[PDB]
Every structure is written in C-alpha cells, then in structure tokens.
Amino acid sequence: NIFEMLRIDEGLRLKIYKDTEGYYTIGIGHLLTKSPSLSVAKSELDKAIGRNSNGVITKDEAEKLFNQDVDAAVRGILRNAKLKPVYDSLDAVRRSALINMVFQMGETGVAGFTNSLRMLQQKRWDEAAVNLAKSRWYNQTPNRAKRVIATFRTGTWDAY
C-alpha cells in the first residue's frame, strides 16, 4: 500500500518535469541529474528503465523507480542512530509512516522529533500523536500530517 500512500501525499507525474530549483525529475519525486542538459537526464533514465528512453514512463515504471528510492530511504534510516531502533520496533504499517516522513523532511528532520520518537518506541502511541502535532511541520502541511499521525496511532491504512 506504500506506493499509493506516497502517491496521495506527494503526487505522480509520468513525464519529465523540472523542480523549483531547476533540476530534472520524474515519478514520485525521482531526481535524474542536476545537469541543465536534458540529454544527461534522459540517459540516466534509459539505464534505469531499460527501455526506449523517453520523457513519458509507464505507471509500472514509476513503481520500480519508487521502489529504488524506498530502498535508499530505508538504508539512510538504518544508518541513523536515533532512527534505527524505532524502525526495528515498529510494524510494517507504522514503518511506512516513518518512510513517508523521510521522503518529506529527510533523515535529519525526523531525528529532531526526539520525544515523539521515544513515545513510539514505547508503544505509547497516544502521546506520540500529541507531541507530533505540536510542531511547525503540522502547521505547514496539516492534512498530510494528520494522515501520517493517524497511521502511527492505529497501525492501520484506514486514513489513506
């Protein structure tokens, strides 16, 4: 379900587009190359896609790129000493909510939520939610934040 989750929260684009800083990206936020040259961007695509390298990709192609990025996210999570123990103590639904957060704010952002992180490792889920909501994150993207917290509180997909 993780693929549909990020897709509601971030969006899906099937052709090459340029981000606010101007690099070339595709899928659920997959950066190809920072070069201003599209050729290098498209070719970086050809190797991953293993097909005719074109601007448009299949929805299926999106999920393999997405999956590659999900590996990279878990690899970062395991390297961080504050993130690794909470991830190992968590079920599969709650792990996705952590990965969701890493997609949005990076590994360094999540490590700052020190109290909520211990509440989660102690399965004190009601208190984790109050701590998470008292943040600037909650105020800047509230509807996404309410979904991710809800997943933490109940361990279900019910919100997405």
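So that there is no doubt, residue numbering starts at 1 and follows the sequence shown.
Look at the C-alpha B-factors of 54-62 and of 105-113. On average they run higher in 54-62. Higher average CA B factor: 12-20, of the stretches 146-154 and 12-20. The PDB entry assigns its highest CA temperature factor, among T33, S135, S96, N67, to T33.
Highest CA B-factor among the listed residues (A92, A129, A41, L120): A41.
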